[PDB]
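Visitor: Shown below is the structure under consideration.
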Amino acid sequence: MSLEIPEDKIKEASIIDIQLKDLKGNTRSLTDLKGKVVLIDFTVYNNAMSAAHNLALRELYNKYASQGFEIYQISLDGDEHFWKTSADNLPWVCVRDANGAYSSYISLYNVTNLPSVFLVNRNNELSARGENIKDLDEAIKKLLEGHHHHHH
C-alpha cells in the first residue's frame with residue numbers, strides 16, 4: 001500500500017510493507033495480505049534448498065491456512081524460468097524481488113544471511129525473525145490464538 005511510520009508502543013515502523021508483484025503481475029504488499037497471518041519467505045526459486053524449505057512451508061500451510069494463514073514468498077533468485085514454472089502450481093503468494101539477494105528489504109532488516117523467513121500476524125504485525133522463531137508452528141498458532149480474547 002504505502003510506507004508510513006506508525007507508533008504508539010514497542011517500536012515505530014515495526015512493520016515493513018513489502019510491495020512486490022506476484023507471478024501474475026499483481027503487486028502484493030503486506031498491507032494487502034493483512035486478511036491472514038503472513039509468512040514472510042525469502043528464498044531462491046532455483047536452489048535445491050528451496051524444495052525442502054518449501055515442504056516445511058507446505059506443512060505449516062496445511063496446518064493453519066484454513067484458520068486465516070497465508071505464505072508470502074519472495075523469490076530472490078532472479079530467474080523467472082524456475083520461479084514461473086514452480087510458482088504457477090503453488091498454493092500461496094509467490095512474488096519476486098527487484099534485486100534478490102541485494103534486496104533493499106534485506107538491507108532494511110539487516111538480515112544479511114539468506115535464505116530466511118520472518119513472521120507476521122493478522123494485523124500485519126512483524127512477529128519476529130525466522131532466526132528467532134524456532135517454533136513457527138506454535139508461532140503461527142499463537143498469532144491466530146489472539147481470537148481467544150488476547151494476542152495469544
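Convention: chains lettered A, B, ... in C-alpha cells order; per-chain residue numbering from 1; ligands numbered from 1 as shown.
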Which residues are near residue A:87? Cut-off 12 Å, only C-alpha atoms, ignore same chain within fewer than 4 positions. Put them as a list in words.
Guide: residues 22, 23, 24, 44, 45, 46, 50, 51, 54, 72, 73, 74, 75, 79, 80, 81, 82, 83, 91, 92, 93, 94, 95 and 96 of chain A
Visitor: Write out as a list in words the residues lying within 8 Å of residue A:126, counting only C-alpha atoms and excluding same-chain residues fewer than 6 positions away.
Guide: residues 14, 15, 16, 118, 119 and 120 of chain A
Visitor: Write the residues of the selection above to a file with C-alpha atoms, as a PDB file, in the first residue's frame.
Guide:
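As a result, result-v4.pdb now contains:
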```
ATOM      1  CA  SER A  14       7.840  -2.029  13.318  1.00  0.00           C
ATOM      2  CA  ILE A  15       6.302  -3.447  10.144  1.00  0.00           C
ATOM      3  CA  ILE A  16       7.726  -3.228   6.636  1.00  0.00           C
ATOM      4  CA  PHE A 118      10.032 -13.813   9.053  1.00  0.00           C
ATOM      5  CA  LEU A 119       6.670 -13.842  10.833  1.00  0.00           C
ATOM      6  CA  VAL A 120       3.633 -11.569  10.603  1.00  0.00           C
TER       7      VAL A 120
END
```
Visitor: From a DSSP calculation on the backbone, collect every residue of chain A in alpha helix (DSSP H) and output the set as a ChimeraX atom specification.
Guide: /A:48-64,80-87,104-109,136-144
Visitor: Could you give me, as a ChimeraX atom specification, the residues within 9 Å of residue A:98, counting only C-alpha atoms and dropping anything in the same chain fewer than 4 positions from it?
Guide: /A:20,76,78,102-104
Visitor: Take the residues just selected and output them with N, CA and C atoms as a compact mmCIF listing (two decimals), in the first residue's frame.
Guide:
```
# COMPACT_ATOMS: atom_id res chain seq x y z
N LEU A 20 5.89 -5.98 -3.79
CA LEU A 20 6.46 -6.64 -4.95
C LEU A 20 5.35 -7.42 -5.63
N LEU A 76 14.27 -14.43 -4.48
CA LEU A 76 15.47 -13.60 -4.51
C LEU A 76 16.46 -14.14 -5.53
N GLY A 78 16.10 -14.48 -9.13
CA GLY A 78 16.24 -13.63 -10.28
C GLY A 78 15.95 -14.39 -11.56
N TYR A 102 20.37 -8.85 -3.08
CA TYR A 102 20.75 -7.47 -2.82
C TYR A 102 19.50 -6.62 -2.59
N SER A 103 18.46 -7.27 -2.07
CA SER A 103 17.18 -6.61 -1.84
C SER A 103 17.33 -5.45 -0.86
N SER A 104 16.61 -4.37 -1.16
CA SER A 104 16.56 -3.23 -0.27
C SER A 104 15.92 -3.63 1.06
```
